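Below is one structure, written out as structure tokens, with a few remarks after it.
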Amino acid sequence: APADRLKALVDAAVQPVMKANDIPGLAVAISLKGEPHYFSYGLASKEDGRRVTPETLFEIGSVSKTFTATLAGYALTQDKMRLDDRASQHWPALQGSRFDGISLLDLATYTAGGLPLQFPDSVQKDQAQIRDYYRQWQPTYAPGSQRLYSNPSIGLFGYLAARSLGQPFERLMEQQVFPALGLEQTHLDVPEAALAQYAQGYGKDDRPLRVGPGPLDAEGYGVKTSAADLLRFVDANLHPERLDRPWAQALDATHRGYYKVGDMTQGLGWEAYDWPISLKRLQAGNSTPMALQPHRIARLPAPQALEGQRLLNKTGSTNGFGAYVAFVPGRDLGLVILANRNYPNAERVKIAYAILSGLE
Ligand SMILES: *[B@@]1([O])O[C]([C]C([O])=O)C2=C1[C]=C(OC1=[C]N=[C][C]=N1)C([C])=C2[C]
């Protein structure tokens with residue numbers, strides 16, 4: 001039967017990668033021809049034997065950047081900001097700093113001039129420390145020239161988008177974004193009543209790891225969600241026209257490419273590839289050098305619609321978790337893979353590619 005073939009395909013993609021990477025628990029959700037399919041494996045917590053289900057909450061790390069991009073898309077639709085605004089327009093504390101010469105687009109797409117991967121360990125989760133960090137920062141190279149993947153960069157983009165809307169970022173996400181997207185199992189701060197669903201994360205020697213507080217954590221990497229809710233977010237990305245118009249436009253704003261680095265076209269949050277493309281090329285686009293090294297960009301003459309025969313994706317990790325999301329707009333196909341180990345991105349893409357190739 002078709003259910004046996006689909007389970008065989010997903011099990012064959014997942015099971016060897018879970019064993020090889022010692023992943024305790026993993027949830028898959030697939031959207032195929034307008035229908036959801038869930039496959040759950042292993043344990044959300046090894047110690048109490050709680051099994052993974054499509055409702056288990058996982059940390060999705062930098063997949064959160066696609067939610068941040070959606071909130072910024074909403075601020076853009078409301079005309080509260082423009083991508084070509086100077087960053088300091090939205091935060092007076094930054095007036096007179098180098099952010100007078102950096103656009104919101106540069107922050108969103110990691111091209112502001114060398115903002116680092118992480119905030120320095122000296123910057124705690126404190127408004128004054130974050131403010132002072134940005135006031136004193138000076139670019140290593142010209143804005144708009146080199147991409148250096150960065151939590152302070154897109155984190156400031158999200159923070160400024162929230163300021164443009166006159167409310168804190170976390171509040172806008174809880175009170176407006178998640179409800180508009182129909183997401184009731186998606187959190188920045190997991191409620192006490194939902195804690196029984198929160199998987200344990202595992203690191204070296206199975207040390208337990210759940211994400212701790214950090215500066216602009218919500219904007220950069222702070223979402224916890226289930227495979228079922230993350231697939232609902234993928235389905236909203238596949239069909240923005242099904243949402244009320246302002247939210248449809250917010251999602252559309254995340255489907256616009258601004259420049260290329262190798263095979264990857266950078267949108268707001270989402271990273272896109274031509275589809276089909278080899279597995280080795282998709283792994284290279286999601287590789288450690290893409291996260292850690294600067295790359296010169298090839299700017300597009302106009303923003304490009306990220307639709308049709310393309311694969312849009314994002315990896316996300318925390319110390320204890322490893323997520324991957326991918327969708328193909330022109331095929332009405334979406335996939336989520338959530339795990340409670342930070343296992344190599346190449347292995348996440350390997351599972352996804354085996355599934356997507358087998359569905360085809
Ligand atoms: B984010 O999850 O994207 C990358 C990792 C990946 O999967 O591509 C990344 C992200 C955040 C991040 O900082 C961080 C992560 N967890 C906790 C605290 N900070 C880093 C360092 C990286 C590489």
Side-chain angles (χ1 to χ4, degrees), residues 17 21 23 26 57-69 107-110 114-126 129-130 133 147-159 188-190 198-204 207-225 230 233 261-262 264 266-273 282-295 311-326 335-352:
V17 178
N21 293 276
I23 300 173
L26 186 152
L57 300 170
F58 292 84
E59 294 170 11
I60 68 178
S62 300
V63 179
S64 298
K65 293 173 174 65
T66 69
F67 286 91
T68 301
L107 291 173
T109 64
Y110 327 110
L115 277 166
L117 177 63
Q118 291 176 275
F119 278 95
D121 278 81
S122 64
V123 178
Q124 301 175 312
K125 184 181 175 65
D126 171 70
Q129 293 186 39
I130 292 165
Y133 172 77
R147 177 189 193 267
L148 181 69
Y149 182 72
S150 169
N151 288 289
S153 189
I154 193 167
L156 182 60
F157 175 68
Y159 188 82
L188 289 169
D189 194 355
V190 179
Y198 196 165
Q200 183 59 264
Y202 293 93
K204 294 188 184 197
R207 64 197 226 265
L209 296 164
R210 284 184 183 109
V211 71
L216 304 188
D217 51 3
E219 294 84 346
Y221 55 84
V223 172
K224 295 90 199 180
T225 190
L230 194 56
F233 178 58
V261 169
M264 188 277 288
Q266 180 73 67
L268 306 183
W270 298 112
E271 295 169 10
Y273 297 82
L282 187 60
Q283 290 172 314
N286 287 290
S287 69
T288 299
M290 287 294 291
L292 306 191
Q293 301 179 27
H295 294 85
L311 179 143
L312 277 64
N313 78 175
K314 189 68 190 80
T315 55
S317 306
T318 58
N319 294 319
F321 288 82
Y324 182 66
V325 177
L335 174 59
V336 164
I337 306 168
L338 303 183
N340 61 354
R341 188 178 303 279
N342 178 4
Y343 72 112
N345 285 355
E347 295 285 300
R348 309 179 195 176
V349 176
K350 182 178 182 181
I351 297 175

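Order of appearance sets the numbers: ligands from 1, and atoms from 1 within every ligand. Count residues from 1 along the sequence. As a basis for the values below, the full set of heavy atoms in this structure was taken, side chains included, without hydrogen atoms, waters or symmetry mates.
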Looking at [atom], what's its closest protein heavy atom, distance included?
atom                    : answer
atom 17 (C) of ligand 1 : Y221 CE1, 3.8 Å
atom 8 (O) of ligand 1  : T315 OG1, 2.8 Å
atom 20 (C) of ligand 1 : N151 ND2, 4.0 Å
atom 7 (O) of ligand 1  : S317 OG, 2.6 Å

Compare all side-chain heavy atoms of [X] with those of [Y] and state whether any distance is below 4.5 angstrom.
X    : Y    : value
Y110 : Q266 : yes
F157 : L216 : no
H295 : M264 : no

Kindly indicate, with the supporting measurements, whether the criterion side chain to side chain contact (heavy atoms under 4.5 Å, CB included) is fulfilled by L115 and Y133. CA-CA 11 Å; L115 277 166; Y133 172 77; 3.8 Å; yes
Determine whether more than 12 heavy atoms belonging to other residues, nucleotides or ligands lie under 6.0 Å from atom CG of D189.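 Not buried by this count: 12 neighbours or fewer within 6.0 Å.
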Does CD belonging to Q124 count more than 12 external heavy atoms closer than 6.0 Å?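 Open.
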Parallel, tilted or perpendicular: rings of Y198 and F321 (30°, 60°):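 Answer is tilted, since the angle falls between 30° and 60°.
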Quick one: look at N345 and ligand 1, take heavy-atom pairs under 4.0 Å, and tell me if it's side chain, backbone, both or neither.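 Just the side chain.
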Would you kindly specify which portion of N286 sits under 4.0 Å from ligand 1, judged on non-hydrogen atoms: side chain, backbone, both or neither?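 Neither part.
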Which of the ligand 1 atoms, numbered from 1, are nearer than 4.0 Å to a heavy atom of [X]:
X    : answer
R348 : 7 (O)
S62  : 1 (B), 2 (O), 3 (O), 4 (C), 9 (C), 10 (C), 11 (C)
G316 : 2 (O), 7 (O)
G61  : 2 (O)

Taking the minimum heavy-atom distance to atom 16 (N) of ligand 1, which of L216, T318, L117, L209 ranks first?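 Selected option, by shortest heavy-atom distance: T318.
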If we only consider heavy atoms of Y149, is any one of them less than 4.0 Å away from an atom in ligand 1?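 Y149: in contact with ligand 1 (<4.0 Å).
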Does even one non-hydrogen atom of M290 get within less than 4.0 Å of ligand 1?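 Per 4.0 Å heavy-atom rule, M290 does not contact ligand 1.
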Any side-chain to backbone donor/acceptor pair from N342 onto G320? Under 3.5 Å, distance only.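 No, the answer is negative, given that no donor and acceptor are paired below the 3.5 Å cut-off.
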Side chain of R210, backbone of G201: donor and acceptor closer than 3.5 Å?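 Judged by distance alone, no pair lies under 3.5 Å.
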Got an N/O contact under 3.5 Å between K314 and ligand 1?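 Checking ligand 1 against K314, no N or O pair falls under 3.5 Å apart.
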